[PDB]
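Residue numbers (the entry's author numbering), protein chains in the order written: chain A, 7 to 579; chain B, 7 to 579. Idealized CB from N, CA, C, for every residue including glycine. See below for the structure under consideration.
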């Protein structure tokens with residue numbers, strides 16, 4: 007199939023490191039030739055060694071054995087290390103490409119499955135692919151070289167008994183196969199019948215409810231007696247089938263061996279045959295069995311690994327973010343407006359946003375009121391263009407976002423929330439993340455102090471250079487709120503979205519973040535996903551979206567006079 | 007431990023068939039002696055055979071091989087068949103005892119575990135126990151006899167190189183173990199560190215939502231670059247560790263072999279050493295490895311099987327139905343009375359029935375109305391005594407049922423419902439089930455005809471002798487209603503419990519079952535779990551039980567005048 011073409015597809019990666027593969031191949035060939043020579047070592051030990059007197063063969067053969075193990079160990083280590091080096095480099099390159107492509111695919115991808123299996127894809131799948139390919143190569147080369155060496159050793163050493171074996175070993179195998187298959191079929195038949203009787207016993211048990219109420223407990227025992235007798239008979243037949251199977255293979259193999267001996271008995275091949283020369287020949291037919299099985303399984307292993315590589319490449323090539331816009335926006339000082347916006351969340355046939363009309367005035371803040379799942383976060387998601395709207399237009403400065411570059415637009419929006427991501431880095435490199443080459447330490451410290459986020463930083467191990475993260479020094483919810491506020495204030499994002507916390511923190515923590523938000527952070531065009539009524543009451547406009555449709559719009563007092571859904575919810579609050 | 011005492015507890019079962027075990031043991035010993043002799047066959051083949059000329063050794067040795075393998079096949083078949091016979095008989099006896107005890111446990115037990123796992127207990131567990139014990143015996147005897155034979159062969163054949171081996175081999179095994187363990191420890195350490203770096207990558211993936219909105223996608227790539235480099239280095243170290251463990255083991259074994267050869271080199275043991283006598287000695291140390299591993303695994307396999315036997319015996323001995331009553335009731339012609347009856351269904355903390363009071367007049371029927379889960383079937387269950395009441399008294403003829411024998415009491419109750427159990431037997435042996443020695447065929451046919459259940463019986467293959475069941479000729483719901491009605495009418499049970507169907511069948515089937523029920527069946531003290539308002543309207547008393555309490559008592563018209571819950575349900579119906 008095309009599984010062997012997967013090697014050609016991977017070749018542009020493995021080929022640059024060909025030396026690390028040539029060394030491994032040479033080492034494996036040397037290993038095979040160090041094992042074949044060991045097998046050939048037997049004949050001098052018997053014919054010219056142990057026989058007659060110890061004519062220095064017995065004092066020199068162990069030295070050869072020791073040297074040959076030294077060679078085998080060295081070559082095995084060299085081959086394994088080189089194979090590991092090339093596999094590690096291939097895995098590293100493939101992981102790099104996969105990740106670089108992976109952090110450019112639309113958020114939707116990461117919603118289809120959780121991040122847990124993505125780490126599996128980028129960690130275990132590449133290791134599996136490289137391990138399977140390396141195993142295929144290290145098996146084919148080594149076992150093929152060993153088989154060739156063993157066959158050469160056979161033919162050189164009294165080929166008369168070798169040419170027989172190669173014409174006799176297969177046919178016996180075929181015969182063996184036949185017998186096994188036949189008897190296997192018999193077993194299958196019995197299994198089917200067994201199932202029936204088993205079901206009968208099961209029915210018996212379900213009769214309990216109806217055997218106690220009548221005068222049972224005796225006829226039931228007799229019927230189970232019959233069923234158990236039948237079960238025992240069937241088990242006996244199965245065991246008899248297996249135990250008449252096995253000795254047939256044994257006898258066929260031993261008959262083959264007897265025929266080999268009888269053929270060697272004739273006075274035509276004995277002349278080139280001695281006591282020691284056989285011990286290398288028959289031992290070859292003993293050591294040859296395993297390489298053949300490895301060669302048979304090498305194709306299955308290769309196919310499995312390289313078919314995993316199929317999905318690993320399928321993830322590698324796909325569609326990415328449609329950054330088909332071309333205009334570049336700096337310092338958005340216009341109006342964010344929703345006009346007949348209809349959107350269906352991926353995975354949800356029922357639309358989540360329907361003809362949503364919403365204007366966010368410049369310099370003013372709006373509070374978006376609604377229940378959980380009402381669609382009051384999908385609006386922000388569309389603002390950041392994590393999902394493209396199905397119908398309508400959303401515009402800032404007067405132009406729809408699908409005609410804007412994704413880098414420029416997203417640089418205009420900064421979100422602060424209770425669930426913010428902290429990269430494993432210094433606190434300063436997290437305040438000015440991705441823009442550390444544009445802002446100085448003084449600006450970072452100014453932002454941190456102005457966002458009321460210095461007291462918890464000046465008390466750290468290294469202050470603003472502490473390595474922070476979730477796999478390191480872990481910060482509290484208020485602390486990460488403050489750090490995100492410092493980041494957003496430093497970046498000076500014209501577009502602001504806010505997800506207010508659903509729970510109140512400590513008095514010191516709440517006092518600070520509240521001061522930051524109100525006095526310092528919120529001075530721009532803000533869209534607040536409000537949860538506290540105090541925040542709602544201090545907003546220039548209130549919008550109450552309801553499961554896809556906004557019901558009422560206005561100020562807090564105006565909506566209270568309206569006596570709508572907002573008034574009822576505020577009464578609840 | 008006591009796992010070896012499990013054999014003593016099972017001995018009263020296996021011991022009666024000792025001959026089937028003695029034959030198996032003798033056959034296994036003969037198999038071991040046919041393998042040891044086959045190994046000892048090598049020396050004449052090399053020394054006195056293949057060497058010099060073929061002095062009739064080469065034409066007689068294959069005959070010995072053929073005869074020995076014929077003996078091996080015969081003895082293997084005999085041993086396996088005898089072991090299978092004794093195992094099958096033990097399994098049959100244990101299954102019989104288990105089932106006979108199992109049909110005596112109160113319904114409760116059968117509610118704790120579904121009927122699926124009970125069939126597993128009575129089918130697969132006993133086979134597992136017998137298979138494990140038989141494997142333990144067939145391994146210990148055979149492999150121990152083989153080991154003894156091989157050691158005798160070693161000591162007889164040039165003991166000088168045998169006494170060495172049984173000294174060097176063990177110490178080499180210890181040394182090998184040491185090395186492996188040490189390097190294994192190293193691997194473990196790396197794994198821990200590996201985990202950390204893996205989590206880092208996973209963290210980075212979860213940063214997707216926070217990297218697109220800022221000017222990332224570059225520093226992220228650099229961080230993954232560093233992480234991937236560290237991952238590759240750690241994988242390299244792991245492979246290096248494993249690839250430095252294999253060669254050392256190999257080298258240690260080869261050094262042991264070289265020391266053996268050097269020791270044999272000295273002119274003190276060579277005199278008894280010949281070319282052919284050595285192949286038999288070293289081949290023994292090759293064939294001896296597998297029996298040792300089998301002996302090591304014997305105890306583990308035995309413990310596993312005989313610990314499964316522990317739970318199989320735990321089920322065998324337990325509590326049964328409390329048939330502590332001694333008085334016998336015939337033809338119950340009194341009243342069924344519930345007085346302050348409070349009962350908690352097993353597995354439910356909240357009580358199922360609470361101070362339930364109820365009178366079932368002699369010769370009259372009562373319709374007990376309620377919703378699903380209201381406890382409208384637990385009352386019938388208590389009447390049948392599938393469960394014992396926690397407090398209160400339920401009595402027929404004037405005496406509580408815990409003062410009555412369970413056989414006599416349950417002969418006074420016959421339940422007809424839509425879900426009735428049909429045993430795999432003749433239709434007549436189901437009409438007069440468990441009482442086929444008391445009623446003739448004429449009575450069975452009379453009951454079947456009188457219950458309007460003959461038209462569907464006269465049209466079967468053999469009429470009233472058809473083998474019916476759910477694993478055979480399957481009957482319809484109305485047909486099984488009719489067959490249960492015929493059974494109850496034949497038994498002439500004074501007390502009736504009727505569970506009316508929740509759905510209407512065909513017009514012919516409904517007409518027959520309804521006629522049977524009303525005209526013929528219901529002429530006794532009846533407790534009806536009514537579902538249709540028509541059946542309720544022709545009842546002498548209506549009871550509405552819900553949530554362990556009775557809403558109202560009275561007749562249909564009286565309850566309608568009461569304007570209670572029954573009136574509302576009748577309006578609903």
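Count the other CB atoms, across all protein chains shown, that sit within 10 Å of the CB of residue i; report buried if there are 16 or more and exposed otherwise.
{"i": "residue 161/B", "result": "exposed"}
{"i": "residue 582/B", "result": "One cannot answer for residue 582/B here, as it falls past the ends of chain B, which runs 7 to 579."}
{"i": "residue 253/A", "result": "buried"}
{"i": "residue 104/B", "result": "buried"}
{"i": "residue 130/B", "result": "exposed"}
{"i": "residue 390/A", "result": "buried"}
{"i": "residue 308/A", "result": "buried"}
{"i": "residue 288/B", "result": "exposed"}
{"i": "residue 53/A", "result": "buried"}
{"i": "residue 426/B", "result": "buried"}
Using a Cβ-Cβ distance cut-off of 7 Å, determine whether residue i contacts chain B.
{"i": "residue 151/A", "result": "no"}
{"i": "residue 216/A", "result": "yes"}
{"i": "residue 144/A", "result": "no"}
{"i": "residue 65/A", "result": "yes"}
{"i": "residue 160/A", "result": "no"}
{"i": "residue 473/A", "result": "no"}
{"i": "residue 234/A", "result": "yes"}
{"i": "residue 18/A", "result": "no"}
{"i": "residue 533/A", "result": "no"}
{"i": "residue 427/A", "result": "yes"}
{"i": "residue 477/A", "result": "yes"}
{"i": "residue 297/A", "result": "no"}
Going by beta-carbon coordinates alone, are residue i and residue j separated by less than 7 Å?
{"i": "residue 475/B", "j": "residue 428/B", "result": "yes"}
{"i": "residue 314/B", "j": "residue 197/B", "result": "no"}
{"i": "residue 148/B", "j": "residue 247/B", "result": "no"}
{"i": "residue 110/A", "j": "residue 316/A", "result": "no"}
{"i": "residue 571/A", "j": "residue 557/A", "result": "yes"}
{"i": "residue 521/B", "j": "residue 458/B", "result": "yes"}
{"i": "residue 470/A", "j": "residue 433/A", "result": "yes"}
{"i": "residue 393/A", "j": "residue 220/B", "result": "no"}
{"i": "residue 224/A", "j": "residue 217/A", "result": "no"}
{"i": "residue 234/A", "j": "residue 102/B", "result": "yes"}
{"i": "residue 350/B", "j": "residue 361/B", "result": "no"}
{"i": "residue 341/A", "j": "residue 373/A", "result": "no"}
Check the DSSP bridge columns for residue i and list the partner residues they point to.
{"i": "residue 344/A", "result": "364/A and 400/A"}
{"i": "residue 420/B", "result": "502/B"}
{"i": "residue 427/A", "result": "The partner list for residue 427/A (beta bridge, DSSP) is empty, contrary to what the question assumes."}
{"i": "residue 321/A", "result": "None, per the DSSP bridge assignment."}
{"i": "residue 374/B", "result": "549/B"}
Cβ of residue i less than 7 Å from any chain A Cβ?
{"i": "residue 207/B", "result": "yes"}
{"i": "residue 125/B", "result": "yes"}
{"i": "residue 199/B", "result": "no"}
{"i": "residue 249/B", "result": "yes"}
*asked:* By the 9 Å beta-carbon criterion, what residues does the segment 252-282 of chain A contribute toward chain B?
replied: The segment 252-282 of chain A vs chain B, Cβ under 9 Å: 252, 253, 254, 256, 257, 259, 260, 261, 263, 264, 265, 266, 267, 268, 270, 271, 272, 273, 276, 279, 280, 281 and 282.
*For the segment 391-423 of chain A, which residues have a beta carbon sitting closer than 9 Å to at least one beta carbon of chain B?*
392, 412, 413, 416, 417, 419, 420 and 421
*Using Cβ-Cβ distances below 7 Å, what residues of the segment 71-87 of chain A are close to chain D?*
Looking at the structure shown, chain D is missing, and the protein chains on hand are A and B.
*asked:* To be precise: take each residue of the segment 538-549 of chain B, compare its Cβ to all Cβ atoms of chain A, and keep it if any distance is under 9 Å. Which residues remain?
replied: none
_Closer than 9 Å between beta carbons: that is the criterion. Which residues of the segment 217-229 of chain B meet it against chain A?_
Per Cβ criterion, the list reads 217, 218, 219, 220, 221, 222, 223, 224, 225, 226, 227 and 229.
*Of the residues that make up the segment 433-447 of chain B, which ones have a beta carbon closer than 9 Å to any beta carbon in chain A?*
435, 439, 440, 441 and 442
_Contact list for the segment 329-340 of chain A against chain B, Cβ threshold 8 Å_ = none
*Residues within the segment 22-45 of chain A neighbouring chain B, beta-carbon criterion of under 7 Å*: none
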